[PDB]
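Below is one structure, written out as structure tokens; the observations come after it.
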Amino acid sequence: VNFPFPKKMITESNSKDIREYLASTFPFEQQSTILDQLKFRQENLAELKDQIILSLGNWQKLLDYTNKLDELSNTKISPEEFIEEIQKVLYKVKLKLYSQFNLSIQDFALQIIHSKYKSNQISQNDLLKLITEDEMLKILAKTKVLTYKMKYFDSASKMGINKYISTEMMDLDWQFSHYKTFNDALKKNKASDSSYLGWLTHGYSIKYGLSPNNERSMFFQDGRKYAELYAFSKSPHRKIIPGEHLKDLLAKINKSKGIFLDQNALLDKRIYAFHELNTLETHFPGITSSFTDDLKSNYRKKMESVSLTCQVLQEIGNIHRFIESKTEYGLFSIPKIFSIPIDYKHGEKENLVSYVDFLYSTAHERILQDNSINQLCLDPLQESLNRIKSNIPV
Amino acid sequence: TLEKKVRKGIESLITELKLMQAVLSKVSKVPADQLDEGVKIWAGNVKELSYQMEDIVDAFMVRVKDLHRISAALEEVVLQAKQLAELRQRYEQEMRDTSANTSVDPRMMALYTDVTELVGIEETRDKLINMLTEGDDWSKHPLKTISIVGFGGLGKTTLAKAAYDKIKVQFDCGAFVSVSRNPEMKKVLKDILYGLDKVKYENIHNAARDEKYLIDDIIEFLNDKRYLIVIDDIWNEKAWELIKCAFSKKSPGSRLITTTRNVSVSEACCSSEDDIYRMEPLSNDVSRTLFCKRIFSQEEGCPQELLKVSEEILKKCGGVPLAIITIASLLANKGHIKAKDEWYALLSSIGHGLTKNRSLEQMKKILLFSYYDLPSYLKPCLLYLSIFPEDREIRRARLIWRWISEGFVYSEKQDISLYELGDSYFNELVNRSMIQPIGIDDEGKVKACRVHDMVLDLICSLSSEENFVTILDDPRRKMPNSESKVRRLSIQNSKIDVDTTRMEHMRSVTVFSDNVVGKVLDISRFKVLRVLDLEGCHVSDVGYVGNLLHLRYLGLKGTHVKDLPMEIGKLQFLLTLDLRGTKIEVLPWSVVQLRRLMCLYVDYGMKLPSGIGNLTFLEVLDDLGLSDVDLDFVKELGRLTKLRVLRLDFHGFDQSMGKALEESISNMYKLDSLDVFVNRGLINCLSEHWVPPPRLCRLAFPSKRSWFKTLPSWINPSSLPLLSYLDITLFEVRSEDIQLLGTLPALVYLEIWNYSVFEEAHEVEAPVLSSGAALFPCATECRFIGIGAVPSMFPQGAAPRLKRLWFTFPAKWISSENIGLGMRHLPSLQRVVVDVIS
Ligand SMILES: Nc1ncnc2c1ncn2[C@@H]1O[C@H](COP(=O)(O)OP(=O)(O)OP(=O)(O)O)[C@@H](O)[C@H]1O
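Residue numbers (the entry's author numbering), protein chains in the order written: chain F, 128 to 163, 182 to 202, 209 to 246, 253 to 483, 490 to 557; chain E, 24 to 87, 115 to 888.
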């Protein structure tokens, strides 16, 4: 079906029409909108060993650390020692089914610290003194991308949203909501370390197949890159008169910028170039600031126009992950006690199909139009609009 | 027994070689016009024989079944040498009355050209006038020289004559005198004498006194006068010093001008870099005006359809006011012979076949002058430049390693690294004004080199008449009429004729940015191969090398190589091994078996097997990965006391074993540069009690998140006085650290990072240069990060040469009086922007 643009209007006395339902419903509690509780994880803290005991026969350390994490979950320990207790498993395990449960060991253990911080059980300065640690940055930047591909990548590919997975929009997920503190509290004090951890995170993301390619990545997986990256982050005049190993970086970034500005070429490498250049721009502002080329190519607004579609498609995929569940929510994400049955809900007819029209109207309101952009913005958005209007009744 | 006869023939063979390079060196000196055809053909054949016996001796050397093959080969080669002897001897004649007159100078009538013809010569003639006549006022300043260095025919005698014509009536004497490649000193001095007075010294060319009495005469004639002599085209400065003594008396108000094609002889004059006058190619607009002056009538917009051809061709000349004259005169026989077709034919022809034309060879002699003036052991170095494509930068390190691997560098003094010898060859090529250098790499020296376009095709032709190289280009699409005798092949964009049937003796082969490799070409069929170059390819199949024995150079930069075979130990002879940009992440154990090597451009991602100290001959190592390593292997690094340049990054051994390696470093004394990379930590490697190697120049530090506590004590003007590069970062800062650093002799490059300012709540203080006056005799590049360097460290007489400066400036000091600038310092200290902090 070739559904046209759902022309609507989100004005005063209409934002609270639906967000009020979103202010209390099961989804959107850990999310937000672009128009602008501990028992849930505790039940998984009980379900932590649903199947570990089934195949203990090698497979004993999984249950050995399982009950240890269960003990550490509910027991109250001073912050000066809780980190030492929890790091015993973190610094011990090195690395198919094994890792399928090893990640759940690491992922659930780290969620405790943020939960205690939300309850003011852990001092903020104590958290600061441990987040600056080098190894834990590598632990988190690895476990996030591993956990996402554990559950959401299986269903993302089928919908066709796999090609539009962006690393910098991962905190917006309801499950990965605790990262907001790890981001803002870290950037407020040590802002450089935020770009540092993002630079690492995209680096592991590239080589795990999130943004795969047959050619090497000349921007990541090398400490010497960050040397110049941080050198220009302080002196605002080291790029106008650059040293060597920096003309090379400019030559590899402007080439990708021209690739992005190109029209006919294959699209997957535009996707790869986008997921690189947006990361470098958001973490290292003023690194592709070609003051002459961008103005006569409308690059500054083109990047934002092609960026907004990613969040739009993420929200559409979230709605799809909600409709059929009423497991696409992901393994170890929703406990069976709080599971969602199959029955249709009356509140969906007033807050879901209407909200889709609001979302598409908000998508079709300030995005510029260009034939190159249309292949990047108009075509995928129209495909999503066609797909979203063929499944709501069923 | 049997081997004894072969080995006793080998020395006879090598003597035969030495004789043949003797005679070939003798013949190649003369230009290829005075040579008769018999001698040319004989030389052509003896060169091929030279290749054959070099092949035989190399094969015998690498091997020791084979004895009988070597025997047959040497016997037959002796047979062709013996035959060719009387083939030459059969046809000789004397012809006593063959005295053809010597050729005139090709660039003489060029001196006789119209004054109202040259364009753009202005605003350079005036500048060269007032860079020396500014002292003509108060005409009592001591005499000085101003040399002019250039290349090709960019125009040096022209401007010398121009300055030699305007400011003359204010002088008593003067002489414009030329010098050839092999001058006669008495001839030159007679030339000077006749140029001073033609009356008393009318028939001065007749008398033959001696080299000395006429020198006394010219010295006597130069009393109480200002001469202003100019001498041009002087080569091999040993000539210059003889004339120099003729100017040895005090003479206020005089001076002289010199031109030459070698900068390595101009610095022998004028005792200062301020008096050297570099000359540069003309600008695009002036070149366009000159180009349209000749061909077109008075205006250039008439075609409006070959314009793009015009600027496309004109950039090939670059700025040389010789090519833009030659092509302008060639292309218009009488008013645009035809349109856009011969222009395309000409554009295609350049690079491979443009030189062979009419009224053009009168210009190529002026360029082959430089090639002929080269000594031996340097002609192959220049002719090696034809391999690489037309417009591509060439890293000097690649050239040096290729030369050494080929075998063009050797000596018998045992005091030479055999690598700085290659650097010497490269610098000799550069100072002859015949290669353009660019950049300054991590070695502290030039990054890469570029070759002029028409010079490139000219040397291509010179290498083409023999079989020095072979090029496969689609505008050329030519193959020599003998597939057998091909040694060097430089494959390029052409991907059609990749036939490999008949090159058994294949010296070297290279591919440039082509996907045709592998799917069409086979390398394993080359029984012998000196160097292999495959950088930029997209093939990972290099596992047939075990079938090959004679490789020296092995370049695999950016090749998508996943793995390399375990059978690489068979390559006992090898000099270089570059693996940067490859997918392989662990080297095979069969590198202990290797014996000879000097450079290993490896990436820290890969794993180095234990037993590295065996490679005693190793001379430079790059980007070594030091993580999870046992202490014995760490100490193995101090075993090899020959390494010069080492690059280290690491994440996983910050223990006392760091100090174990720290003193292990001092076991070596051949160092010249070093650098250490580590992430956001205090430097737990270097102690304050550790003697450094005596020779150190660079000592960089790429990391900026890590820091030292303070300035190390072992840095002192006492030890390591050879530094020309600093690159330090540390936590704190002291106003005495700068004072200490100001005592070191050179310190050309300075870059200091203050960690606490850009990472902790600290205010940029103002360090004070307390002791001394200058502390910086020569510091062109100085960088201060997070440290306040006001312009008033000292009056202008502190840093004579300083082009660049960087420091941080608080906004609170705006109302202060410690920023008291406004004067112009001695160096070009007028281009600066300061990072200001609120
Ligand atoms: N502005 C100009 N306009 C026209 N022709 C020029 C101009 N400048 C130089 N030329 C030409 O360039 C040549 C000058 O050569 P140049 O002065 O370099 O000679 P040189 O010093 O004897 O040695 P070499 O040519 O080897 O450097 C002449 O052909 C001259 O006509």
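Where is the CB? At the ideal position from N, CA and C, for every residue including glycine.
Among the options, whose alpha-carbon lies nearest the alpha-carbon of residue i?
i: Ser706 of chain E; options: E:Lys692, E:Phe346, E:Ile733, E:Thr310; result: E:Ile733
i: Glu515 of chain E; options: E:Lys406, E:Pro744, E:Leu134; result: E:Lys406
i: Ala296 of chain E; options: E:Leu209, E:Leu418, E:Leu239, E:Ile521; result: E:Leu239
i: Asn286 of chain E; options: E:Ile265, E:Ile269, E:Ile268, E:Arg311; result: E:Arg311
i: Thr309 of chain E; options: E:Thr207, E:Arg755, E:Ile265; result: E:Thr207
i: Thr520 of chain E; options: E:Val559, E:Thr551, E:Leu761, E:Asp725; result: E:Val559
i: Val519 of chain F; options: F:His477, F:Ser502, F:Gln538; result: F:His477
i: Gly170 of chain E; options: E:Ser121, E:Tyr799, E:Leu332, E:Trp451; result: E:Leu332
i: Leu598 of chain E; options: E:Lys211, E:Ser574, E:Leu606, E:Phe438; result: E:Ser574
i: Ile145 of chain F; options: F:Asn209, F:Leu515, F:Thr490, F:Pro131; result: F:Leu515
i: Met553 of chain E; options: E:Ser563, E:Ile374, E:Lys535; result: E:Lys535
i: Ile268 of chain E; options: E:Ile284, E:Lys294, E:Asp282, E:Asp283; result: E:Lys294
i: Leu579 of chain E; options: E:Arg557, E:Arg231, E:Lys862; result: E:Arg557
On the criterion of 16 or more Cβ atoms from any shown chain inside 10 Å, does residue i qualify as buried, or is it exposed?
i: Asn346 of chain F; result: exposed
i: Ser337 of chain E; result: buried
i: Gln133 of chain E; result: exposed
i: residue 100 of chain E; result: Coordinates for residue 100 of chain E are simply not present: the residues of chain E run from 87 and resume at 115.
i: residue 203 of chain F; result: Within chain F, the sequence of modelled residues goes 202 then 209, so residue 203 of chain F has no position in this structure.
i: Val741 of chain E; result: exposed
i: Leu452 of chain F; result: exposed
i: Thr358 of chain F; result: buried
i: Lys754 of chain E; result: buried
i: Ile242 of chain E; result: buried
i: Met181 of chain E; result: exposed
i: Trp188 of chain E; result: exposed
i: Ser660 of chain E; result: exposed
i: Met84 of chain E; result: exposed
Let's see if you can read the secondary structure: which residues bound the alpha helix (DSSP H) around residue i?
i: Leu357 of chain F; result: 348–364
i: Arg478 of chain F; result: 456–480
i: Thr300 of chain F; result: 291–316
i: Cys342 of chain E; result: 334–345
i: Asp267 of chain E; result: 263–271
i: residue 251 of chain F; result: Regarding the residue in question, residue 251 of chain F is not represented: chain F runs 246 and then 253, omitting everything in between.
i: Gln263 of chain F; result: 254–275
Within a Cβ cutoff of 7 Å, which residues of the same chain sit near residue i, ignoring the five residues on either side of it in sequence?
i: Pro156 of chain E; result: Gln412, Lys415, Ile416
i: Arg395 of chain F; result: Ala388, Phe389
i: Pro233 of chain E; result: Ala289
i: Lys219 of chain F; result: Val240
i: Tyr361 of chain F; result: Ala298, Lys299, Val302
Can you give me the Cβ contacts of residue i inside the same chain, cut-off strictly under 8 Å, excluding the 5 residues immediately before and after it?
i: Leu625 of chain E; result: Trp451, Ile454, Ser455, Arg602, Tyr603, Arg646, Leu647, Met648, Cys649
i: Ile488 of chain E; result: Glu443, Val496, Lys497, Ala498, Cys499, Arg500
i: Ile198 of chain F; result: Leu214
i: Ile79 of chain E; result: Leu36, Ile120, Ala123, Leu124, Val127
Between which two residues does the beta strand (DSSP E) harbouring residue i extend?
i: residue 889 of chain E; result: Lying outside 24 to 888, the shown extent of chain E, residue 889 of chain E is not represented and no answer is given.
i: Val581 of chain E; result: 581–583
i: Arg500 of chain E; result: 496–500
Residues in the same chain with beta-carbon distance under 6 Å from residue i, minus the five sequence neighbours each way, listed in chain order, please.
i: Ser301 of chain E; result: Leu193
Length-filtered (4 minimum) alpha helix (DSSP H) runs lying within the region 667–748 of chain E: Complete alpha helix (DSSP H) runs here, min 4: 681–686, 706–715.
Where are the alpha helix (DSSP H) runs, 4 residues long or more, that stay fully inside the region 368–456 of chain E, in chain order? 373–381, 391–399, 411–423, 429–433, 446–456
Starting from the N-terminal side, write out each stretch of the beta strand (DSSP E) that is 3 residues or longer and does not extend beyond the region 779–831 of chain E. 799–804
With a floor of 4 residues, list each alpha helix (DSSP H) that falls wholly inside the region 168–232 of chain E, ordered by position along the chain. 175–180, 207–216
Can you list the beta strand (DSSP E) stretches of 3 or more residues lying completely in the region 526–557 of chain E, in chain order? 538–541
Mind pulling the alpha helix (DSSP H) runs of 4 or more residues that sit fully within the region 398–467 of chain F? 404–418, 424–440, 448–454
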